Chemist: 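Below is the structure I would like to discuss, written out as structure tokens.
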Amino acid sequence: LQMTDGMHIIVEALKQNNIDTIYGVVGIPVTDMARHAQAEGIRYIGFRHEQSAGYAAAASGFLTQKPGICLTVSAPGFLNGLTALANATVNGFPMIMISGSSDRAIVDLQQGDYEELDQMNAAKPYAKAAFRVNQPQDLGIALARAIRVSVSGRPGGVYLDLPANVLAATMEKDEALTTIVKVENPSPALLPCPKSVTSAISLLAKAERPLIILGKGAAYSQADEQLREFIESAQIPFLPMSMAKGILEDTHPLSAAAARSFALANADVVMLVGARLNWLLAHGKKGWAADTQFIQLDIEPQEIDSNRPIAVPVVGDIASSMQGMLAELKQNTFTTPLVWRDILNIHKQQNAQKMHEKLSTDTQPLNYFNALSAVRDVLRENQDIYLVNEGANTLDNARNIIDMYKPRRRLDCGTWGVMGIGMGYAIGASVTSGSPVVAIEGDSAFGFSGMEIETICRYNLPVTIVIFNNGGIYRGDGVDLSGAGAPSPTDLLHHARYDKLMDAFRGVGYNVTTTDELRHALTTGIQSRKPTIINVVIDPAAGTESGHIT
Amino acid sequence: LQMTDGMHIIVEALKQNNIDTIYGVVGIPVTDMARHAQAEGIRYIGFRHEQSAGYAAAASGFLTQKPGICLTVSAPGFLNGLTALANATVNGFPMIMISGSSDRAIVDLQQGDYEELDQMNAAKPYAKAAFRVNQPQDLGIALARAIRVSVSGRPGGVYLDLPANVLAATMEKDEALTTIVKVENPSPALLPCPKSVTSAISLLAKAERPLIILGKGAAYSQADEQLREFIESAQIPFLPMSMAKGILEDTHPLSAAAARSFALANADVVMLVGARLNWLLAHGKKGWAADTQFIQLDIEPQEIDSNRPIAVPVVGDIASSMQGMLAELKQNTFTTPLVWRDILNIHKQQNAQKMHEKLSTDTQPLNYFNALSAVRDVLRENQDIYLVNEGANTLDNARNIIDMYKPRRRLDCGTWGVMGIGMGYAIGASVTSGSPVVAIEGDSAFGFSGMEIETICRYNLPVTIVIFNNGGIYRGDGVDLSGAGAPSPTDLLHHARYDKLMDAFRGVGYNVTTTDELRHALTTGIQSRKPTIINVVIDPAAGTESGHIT
Amino acid sequence: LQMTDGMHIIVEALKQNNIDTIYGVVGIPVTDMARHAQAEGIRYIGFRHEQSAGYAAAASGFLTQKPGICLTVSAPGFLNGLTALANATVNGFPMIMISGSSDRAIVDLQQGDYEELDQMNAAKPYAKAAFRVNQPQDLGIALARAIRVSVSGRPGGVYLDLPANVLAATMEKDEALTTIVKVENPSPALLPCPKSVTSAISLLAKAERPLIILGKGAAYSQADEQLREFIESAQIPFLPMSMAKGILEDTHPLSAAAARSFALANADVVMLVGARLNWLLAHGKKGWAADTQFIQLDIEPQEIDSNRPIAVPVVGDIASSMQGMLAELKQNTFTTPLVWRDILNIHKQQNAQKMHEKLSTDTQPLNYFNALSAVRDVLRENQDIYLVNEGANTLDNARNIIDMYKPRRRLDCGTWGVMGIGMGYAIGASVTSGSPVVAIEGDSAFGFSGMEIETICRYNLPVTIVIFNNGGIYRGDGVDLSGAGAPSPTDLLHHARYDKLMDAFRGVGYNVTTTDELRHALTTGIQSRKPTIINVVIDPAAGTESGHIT
Ligand SMILES: Nc1ncnc2c1ncn2[C@@H]1O[C@H](COP(=O)(O)OP(=O)(O)O)[C@@H](O)[C@H]1O
Ligand SMILES: Nc1ncnc2c1ncn2[C@@H]1O[C@H](COP(=O)(O)OP(=O)(O)O)[C@@H](O)[C@H]1O
Ligand SMILES: Nc1ncnc2c1ncn2[C@@H]1O[C@H](COP(=O)(O)OP(=O)(O)O)[C@@H](O)[C@H]1O
Ligand SMILES: Cc1ncc(C[n+]2csc(CCOP(=O)(O)OP(=O)(O)O)c2C)c(N)n1
Ligand SMILES: Cc1ncc(C[n+]2csc(CCOP(=O)(O)OP(=O)(O)O)c2C)c(N)n1
Ligand SMILES: Cc1ncc(C[n+]2csc(CCOP(=O)(O)OP(=O)(O)O)c2C)c(N)n1
Ligand SMILES: [Mg+2]
Ligand SMILES: [Mg+2]
Ligand SMILES: [Mg+2]
């Protein structure tokens, strides 16, 4: 009569649900679980800090619509992972953080257990759901719930708490197998009200100056061909949000990106496709026409009327909504006013010329424009890469200058503006895709996850880390206002050589000061498939400090 | 008519309350505050991640009884800092995390503000109190509350939330000055019931086998001379918990450390001095006599009877309680039974011999014992250092082998067993004391805060980081059980050279493989006062993996 | 071999800790527990709603310094009791609410258990501590914790969660008895810093116009004789807060009550004794001298400097602090300036004149002043009674007009101004004391707990309920501003006859429209010891509506 235990049950449940990879940091009580998951054919990726493990899991979820799995220990590891779970929920990336926890009886009495925390309740504010499994026979259904919650509705983070006792708990093997649940279609199609689709098309056809905004929800939906067909059929100018860049190529003739300010100031009907009217769009206030009318395709009815009143909500999943939108358009065709497309193109050209001037003017030291022009030179020739990006000036300029050619290839600071997502997102992207990654990193930003370069080396991952070294936060020319000569609050070490970090882990380093050197280093980085750091010397005075001037 | 603003008011309040140092990471909306604090003479220490900034603040609080100040931005930075605030509260270290927050109106409506989070409510589970200041005239009293809460009762973390609007808000300068509060004596003496003191002494005098346990609460109290006088007067064997090592020197004749298991198994009366009967003491169950009677000196009445029933609670602050305990002993002297001290010494000697054998037997590669014997050789000659320590085997063995000679010189993983406190604790210790720090780090442990080596270099801090490189978590000889040849979940990169990391920041690196090399490198590290990493090659099979074997 | 179960263990634990009474409402899973507690000689008082059970428990706690026990079922009953637990914690009244809960496994997975709620975490925001007991061997220590937490520091509510499984769980009886914990002295003396006592006396001695404010913390402490001795020795004018009335008699020559506004506006040094500078004292702002200097005796260091900076904090328990204050006064005697006392008396005289004027003037219908004068006449001659009071006009006028002669006899809406405490407070006071109770109730206030008149009848409790029936909330002469003739939002039924409710339960009812009728009815009610309602017809226009006038 064969027995098994909780730890074996949960691994089998993960296996049956097509989990291929776990991202984590081990320790009591989950080391055996990780070892056994790896024994059973799941790829285990161990990190230097759980935050990056959680970011990697979230990245994998965004890219695939299958929740990323993050594994942590109890309280101290759990809390580190929770910061990443929170970010997944805020951005809408599906993942499950699985954490060991301690003795329920001791923790419930606050007696000072090993790594004591009510982790389930701790996670609740930051997750779509937090579940805790006390009986090994409930592990299968618990994971089924976790999967469904993570990927349904607006996707997000779920916390799954496994007390040490449940991992050790035994039951008969044959019986245990009957309790494992393989979830089919955890996020089924949800189709919008046909009347709302009809109203959406009717309003677009009446519009003098329509604009589509594609958010990362649009990207996530993978409805790439349908979105392109709709945009091209009615010739509707579109604006891609950061992680929606590439659904249509950034150089597409209908992209209004190069005239973003004008487009938002003047559009009379704006169709939001999986994009929130949050701070990233100034809440539809500053910079917008006074009486913009909105159509909004979103799966989350709670998002409607959060900021500006929405004239035409289209509630349902974007793929399904676009099916209806396309069928309605076919029956009631329209063409966006030529004069609107023309005026957009006039503004786009003026701005493109101003940009070109900056990109093409060499300086010493390098600035953000000529440095990113060099990067763009290389990426234009290496279009099958993933791009991770974080920083302040490093982020905003790379977003503007680096064109995406394919969808779901750009991963950045996102909705909460998190510095520290770089290495995790690179590891998750690389593991998930098998493709090279280029991480364009601010020097401050890099410092939040920089130890994970050892993880990149340990797994021989094709990540090239390009650090825009301006010697600090926003700028590197700060002064201690007391006169004491200390580093200012935004200064980092003068002329640090981040490339040299790779020596410790047998990776590759390049120091670059010119566009020619940068082009050569980055080309070699990508083609070599070797873990590489490129230290780029950037004018300490080139950047701008974000925020209000008093 | 001169005006000022919230940001100026809070800095002046910090100044008036003798805050000398702020540990933080800047960005919107706190960059100006940090710049101005530095202008006004406060030392600003900027980190690569807020977690280490928070750990540094907590360390400074433990060492001084003045709350450490940690400064962060809104949501993403706040959450990183919160993990450290939680650790301060769990350990009982006084600190205040001051964080910027966003627009109260937008956040209260969940409209998707920049870095949106109800941070005040987020912090509540992890802090003694979380306050939020909406009016600049309330900044003075808010800081007064924060100071009092952080250092009174059981000390801990307090969260102080400063919305961007309060920092910008103006008022008349003369009026503003009248609203600033300088707190005198925020943690006043609290004396125990005299009858409890009488009962405590009476029970000790009746005891056949009394034992004092000194916890880090005892250390924190700074009642070093009183504790020594009491212990020496009645000749009571004592056991120092980890961060209480050194209150009396570890080689003191009455230290029962070398017979810890015997002492706990046999003592009939145990006097807990600022030490919880939590997991670190097996909750007074496994390894303890069946009917141990307890005396407990603690400031927190809620701690009494958490685990074992306490026969004699002595509730009050330890310095005050020891005043009464000493006065009562003087009036009613006793001597601990000689036969108890003798049997303790018999066990201590046997264990010391077993230890000596391990310490003195050279091996190749080095193991934990001979490597820490080399460290002990050096530290015996450099007794005016601070010791930071984290890891699993690296922690337990260094705790056992490295003697402390002075109080409040040892900082480690603490109550929650956190990996990642090393660099923050080193920075906080170094800045607070002006003394050299030796950080004895596991290689996994180091990876949780390793980027802060740049911070150490930026401020030219005398920190020597000694990394016990066994190539992974607990051990470095793991195998992928699938047969695929991947790194196992506990393996780190084979033969990483952490010393080489310092090259990037113009620090010093040593690689060591023998005790002679280790002695030389560590001696040079300390004496040079230069930021140094020592990479110690440790037998990958020397350590033990913690946890239960199934 | 004799077995027992968790239900028997917790009952024995309550019995050993001198719990004499449980206030509750039963149902699954606690009915058997109540039956058995009652079998074992604990008095069981069953209510019509858990909120009143919780208020009764809190009142018992305030009167005795022994935590009142409230027993409820799972989710629905728990949540009702929680509202009362919250109120106890806000007011600082010691109590333990013990609730059954459902199946931890099902609730942790949110699968829709019977009465599903994580009650332990639900309670945390409203309680000093929330504990949940999973193993029957831990019941004794859990109760010990709950007791100690509830009465130590600032007393408050504690939540104790008993899953149905722990109640049914068995263990050996002999072993179970060894796990029961009898708590001795759960709130021991905590003595103030001697320097703070010296400073307090020195400041009072220098004061031209000193004033003591006695709060309900002072009443709770039971230091009646010490407080009186101090006040009378130095001849310090005092102001009692509502539930501190009667520590010294309200007609005491040194009471500044009749000149409260004058006293607060003109005192130069104010000594708060167990009283917060919260809204009840206008936060030390409106109506206070501009630069009042405060002395504050409080057990809670976190309370110091919450509102106005406190010149002399005296942190410790009031009984201990007053021992010190008296000793220090005896060595350094003083009396307050006679001029200050004489001038206070001038102002009291003026206000008492105007008060007794209104009190003595008949009207038809009755108003608050002449009605409460009649009440005052009777209560003067029955100084053994407890006074419960709630309403708006009914509360404020009764507080001013009805003098208390003995301490801890007045129970009211308290710090959160709760309507709905009346019946519960009356039942708790009557059961605790064995004395008659008079509840002076607004008609709206009464409606919040009125069904508990059946409970009063069921237990034949000597409660006389005097309802000030003005036909509404504040006033009874509101008008529907639409012109439709509906009751206004503040109107209750015209000429309701609440005395008739007693007929349902075989109680006594009186309807009164004159002061002579009221005198007779109230005298008869108290003397008869029978449950009685007196419906007092009050002029609908007599009251004032509280709040800001636009
Ligand atoms: N498959 C889907 N169908 C419809 N809406 C989706 C889908 N996936 C995500 N969403 C919605 O997409 C939106 C993403 O918005 P946001 O994260 O603000 O994007 P951006 O930052 O690119 O503007 C969310 O409101 C979310 O509910
Ligand atoms: N000055 C003080 N006086 C009395 N008790 C204190 C003081 N400072 C801290 N404490 C108490 O000291 C205890 C520290 O215990 P703990 O952190 O468990 O130490 P350890 O890990 O060394 O056993 C806490 O229970 C805390 O309330
Ligand atoms: N035994 C005691 N010794 C000292 N302070 C106490 C004691 N019991 C309660 N307190 C304190 O008494 C205060 C009561 O204040 P509060 O409820 O505002 O009274 P009031 O409403 O009468 O002004 C609280 O601050 C509490 O901490
Ligand atoms: C976790 C976290 N901490 C702090 C911030 C505040 N912050 C915004 S940008 C930034 C870094 C900007 O400097 P860098 O990455 O070097 O980019 P640069 O502008 O210099 O190119 C920081 C720390 C944040 N967004 N997230
Ligand atoms: C934040 C956090 N994550 C994970 C753990 C689990 N954990 C316990 S010890 C340990 C590291 C042990 O390895 P190392 O520091 O290299 O010490 P060694 O035993 O190898 O000397 C970890 C990751 C923890 N305590 N804290
Ligand atoms: C639980 C609760 N709900 C509502 C209120 C608001 N409130 C203040 S006074 C009051 C009743 C006032 O009317 P009444 O009790 O009849 O006294 P009157 O002034 O008419 O004498 C109410 C409902 C409250 N304090 N508590
Ligand atoms: Mg930078
Ligand atoms: Mg190691
Ligand atoms: Mg009324």
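Hydrogens, waters and symmetry mates play no part in the numbers below; they use all other heavy atoms, side chains included. Proteins come first, then strands; the chains are lettered A, B, ... in the order of their sequence lines, and each starts at number 1.
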Chemist: Considering only heavy atoms, which portion of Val73(B) lies under 4.5 Å from any heavy atom of chain A: side chain, backbone, both, or neither?
Modeler: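 For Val73(B), neither part sits under 4.5 Å from chain A.
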
Chemist: Measure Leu492(A) against the heavy atoms of chain B and call it side chain, backbone, both or neither at under 4.5 Å.
Modeler: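 Both backbone and side chain of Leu492(A) come within 4.5 Å of chain B.
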
Chemist: Any idea which heavy atoms bring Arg506(B) and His495(A) closest together, and the distance?
Modeler: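 In this case the closest contact between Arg506(B) and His495(A) is NH1-O, 3.3 Å.
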
Chemist: Is it the backbone or the side chain of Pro487(A) that comes under 4.5 Å from a heavy atom of chain B, or both, or neither?
Modeler: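 Both parts, backbone and side chain.
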
Chemist: Look at the rings of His49(A) and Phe448(B) and say which category their plane angle falls in: under 30° parallel, 30 to 60° tilted, over 60° perpendicular.
Modeler: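 Tilted, since the angle between the ring planes falls between 30° and 60°.
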
Chemist: Using heavy-atom distances under 4.5 Å, tell me whether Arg276(A) contacts chain B through its side chain, its backbone, both, or neither.
Modeler: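 No part of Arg276(A) comes within 4.5 Å of chain B.
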
Chemist: Mind ranking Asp480(A), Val26(A), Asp113(A) by heavy-atom pairs under 4.5 Å with chain B and telling me who comes out on top?
Modeler: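 Ranked by contacts with chain B, first place is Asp480(A).
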
Chemist: Indicate the atoms forming the closest heavy-atom contact of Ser306(B) with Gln111(A), along with that distance.
Modeler: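 It is O-NE2, 3.0 Å.
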
Chemist: Grab the two heavy atoms, one from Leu493(A) and one from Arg458(B), that are nearest each other, plus how far apart they are.
Modeler: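 That closest heavy-atom pairing would be N-CD, 3.7 Å.
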
Chemist: Report which part of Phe47(B) has an atom under 4.5 Å of a heavy atom belonging to chain A: side chain, backbone, both, or neither.
Modeler: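 Answer is neither: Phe47(B) stays 4.5 Å or more from chain A.
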
Chemist: Kindly determine whether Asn80(B) and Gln51(A) satisfy side-chain hydrogen bond (donor to acceptor under 3.5 Å, both in side chains), including the steps that lead there.
Modeler: CA-CA 10 Å; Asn80(B) 281 351; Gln51(A) 203 162 52; 2.6 Å; yes

Chemist: Classify the ring geometry between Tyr498(A) and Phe505(B) as parallel (under 30°), tilted (30 to 60°) or perpendicular (over 60°).
Modeler: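 Rings of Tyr498(A) and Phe505(B): perpendicular, over 60°.
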
Chemist: With only heavy atoms counted, which part of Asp491(A) is less than 4.5 Å from chain B, the side chain, the backbone, both or neither?
Modeler: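 Backbone of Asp491(A) only, per the 4.5 Å heavy-atom cut-off to chain B.
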
Chemist: What part of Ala122(A) gets closer than 4.5 Å to chain B, counting heavy atoms only: side chain, backbone, both or neither?
Modeler: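 For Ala122(A), backbone and side chain are both near chain B.
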
Chemist: Where does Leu79(A) contact chain B at under 4.5 Å (heavy atoms): side chain, backbone, both or neither?
Modeler: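 Both backbone and side chain.
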
